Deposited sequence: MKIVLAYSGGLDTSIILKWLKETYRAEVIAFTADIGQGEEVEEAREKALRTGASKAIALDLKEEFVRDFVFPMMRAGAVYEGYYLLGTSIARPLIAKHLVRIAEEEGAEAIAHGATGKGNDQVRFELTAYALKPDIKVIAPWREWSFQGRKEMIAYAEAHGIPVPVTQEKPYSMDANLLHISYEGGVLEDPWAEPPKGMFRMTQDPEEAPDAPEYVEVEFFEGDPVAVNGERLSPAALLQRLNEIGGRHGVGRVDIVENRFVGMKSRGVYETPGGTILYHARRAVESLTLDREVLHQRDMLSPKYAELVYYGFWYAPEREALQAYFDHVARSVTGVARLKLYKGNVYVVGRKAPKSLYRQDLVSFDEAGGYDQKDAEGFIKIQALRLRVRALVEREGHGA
């Protein structure tokens, strides 16, 4: 039986690559995707044919990632439990998508990933796979093998002949994530030097830096006047924001599978994009529309976090968020300074702001009528209390 493996190029997926050959004695098609992890994905591809893959595939998926996943999510203003911008959550559906596609092209019966049985990724990968190909066979080695510890895994590796080697990490164009190890103690500050994508606030420039982001119908299309494709734009903003230490979050989140987990996230580009978007929305979105959208964002966020991307509830909400987002067109101007992102200006060709309505269609005495009617039910209530 052929099996398509989400191959990362590291120890575990290498061990998994042989484990699959050994255990199932199946033909293994490896798949590595470049989503901005900062790894020469082609090496991964080499190491896979080298580990025994009957075929290895690598694809530059950066643009599709930002265009078809990050952007639609940002359009919805998705924030999980107040701070998490879903860096890892949104990338998983993209990977599983290709896994299933490849499996259908290779006539492969199953797909495999090395997400552990303790996290959210296994759900994201599998819900995606089952949603796209209900008959797909899934193999999650971490839930099926006997290994107990890394000593045993290192051992097993040293065996078969797989090169071997404080916290776990997941990185992509949207963010870099840290959790586990020394991070597992909620009262322990993260260790100095851990952050990779963002410069340390204290080592951030002494002079603030201004940046402008242009949005067109809900999506960012240019930075400082330079049009940039989805991936190139997130990249650019990561560079600009990174140098200033922007986008660091430290939270104890609730995992879908039931337990709390301490995670640390750095999302420089995305964090600038989040505040810039709300800046443009502040002029282009109607009051009542904004208030409704915001009360739905959290639900959409958990859908993403839990793994329900290619799910009807999420696609339905997407219709609402996309409708609203289509009006978000304009430019936000932000000030970057030692870890902070400050909105200092915004403009829109179709801005709903009118200074003439605030400076000292509006008539003061109308306010009295407004107030009286609004107060009626309250006045009746009081009178009944007598």
property: Stretches with no C-alpha atoms in the model, relative to the deposited sequence starting at 1; result: 166-170, 366-369, 396-400
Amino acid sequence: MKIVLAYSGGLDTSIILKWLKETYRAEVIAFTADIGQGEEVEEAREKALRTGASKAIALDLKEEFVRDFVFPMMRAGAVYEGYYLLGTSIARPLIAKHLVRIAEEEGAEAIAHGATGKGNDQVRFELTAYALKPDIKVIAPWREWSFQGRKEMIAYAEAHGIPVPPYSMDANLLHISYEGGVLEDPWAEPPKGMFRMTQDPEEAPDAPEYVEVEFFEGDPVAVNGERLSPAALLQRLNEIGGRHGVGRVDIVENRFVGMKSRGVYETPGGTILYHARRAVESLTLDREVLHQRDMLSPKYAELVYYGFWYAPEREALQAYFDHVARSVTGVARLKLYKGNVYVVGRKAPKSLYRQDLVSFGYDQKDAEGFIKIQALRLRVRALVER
From here on, numbers count along this sequence of modelled residues.
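Here, rigid core means the biggest group of C-alpha atoms that superpose within 1.5 Å across both forms.
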{"item": "Between stretches 147-155 and 168-176, more displaced by Cα RMS in 6 other deposited structures of this protein (rigid core superposition)", "value": "147-155"}
{"item": "Higher-deviation segment by CA RMS in 6 other deposited structures of this protein, core fitted, 156-164 or 124-132", "value": "156-164"}
{"item": "Other entries omitting residue 360, at least a third", "value": "yes"}
{"item": "153-161 versus 71-79 - which carries the larger mean C-alpha B factor in the record", "value": "153-161"}
{"item": "Mean C-alpha B-factor comparison - 187-195 and 103-111, higher one", "value": "103-111"}
{"item": "Largest Cα B-factor, entry values, listed residues 315, 203, 170, 250", "value": "203"}
{"item": "Residue 87 by Cα B-factor - lowest, middle or highest third of the modelled chain", "value": "lowest"}
{"item": "Third of the chain, ranked by Cα B-factor, where residue 339 sits", "value": "highest"}
{"item": "Among modelled residues of the same chain, the CA temperature factor third for residue 349", "value": "middle"}
{"item": "Chain thirds of CA B-factor: placement of residue 135", "value": "highest"}
{"item": "Entry-reported Cα temperature factor of residue 227, expressed as the chain third it lands in", "value": "highest"}
